[PDB]
Structures are given as C-alpha cells and as structure tokens.
C-alpha cells in the first residue's frame, strides 16, 4: 500500500474491481466480467512498466550518488529497495495474469511495454504537430519582407536623390 511512486492507482482499481461492493441497498455483487478484470490488469501492467523504467532510469541518472558520502549512499540504497519492491509487484502481476489466462504472464508485459512505448511516441509526436500552427503564423509575419521571386528580374525603381 506504500510505494516509492505514490499510491498505485491502477492496482487499486484492479483490486476494487475484484472486491466490488453493493451498488445499492440490494447487497448483490454487481457481477463484473472476466474481460474487464483482464483489461484492468493490463492497465496495471502498463503503469508498472512506467514505474520500473523510471526507477532504472534514476539508477543511471543518479549514479554519482555513490560518490557523495553516506547521504548519497543512503539515497542509492533507497533506489535499490524501490526497485526490489517494484519487481515483487511485477511478479504478482505475472502470476495474477497466469491465474486469469494460463501462460499469459509470459507475455503480458511485452504487450504492456509496447503499449507504453506507443503512448509516449504519440505524445512527443503531438507536441511536434501542435507547434506547426504558430510556426506558420510566425513564418507568415516574417515572410512579409522577403522579395517576391515570380519574375524578380524587374526591380523597384531605385531612389536617386535630386
């Protein structure tokens, strides 16, 4: 319940889908399909991808911590502990996946990884595509001073002071 990267939203949604409560007075478990549970687990897996890659990104980014005294060392140990905890989470997701569909836990994180990668790509692409409009307006305002090339041969009558 305590994680290095905040409360696990996706995990909580998964486990809440499992332990559904009375929707109303009726005290009937509103039956949630296995397809939904599977989808939720896959979401959880994607989040886990982001988290583990974040931690391991830290480790390379934050290496010189080992050369910054006992405090940097303690922080590095923190990172290691975080990684191990997250690995435990990944294992749990794997065997949960196998329990849902036998053998699924062998590829669920391959699919999850690809999903994450695709998301990130889409985002970067989207800021690039977003810049284009204002780049156009800037270009239009800039090009106002540039001489027209169609039959540029003929030129403006030069100023002769008389």
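Residue numbers count along the first chain shown, from 1.
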Residue stretch of maximal mean CA temperature factor, 17 to 25 vs 140 to 148: 17 to 25
27 to 35 or 112 to 120, whichever carries the higher mean Cα B-factor: 27 to 35
Ranked against its chain, the third holding the CA B-factor of residue 78: highest
Ranked against its chain, the third holding the CA B-factor of residue 47: lowest
CA B-factor ranking of residue 67, expressed as a third of its chain: highest
Record-listed C-alpha B factor of residue 132: chain third: middle
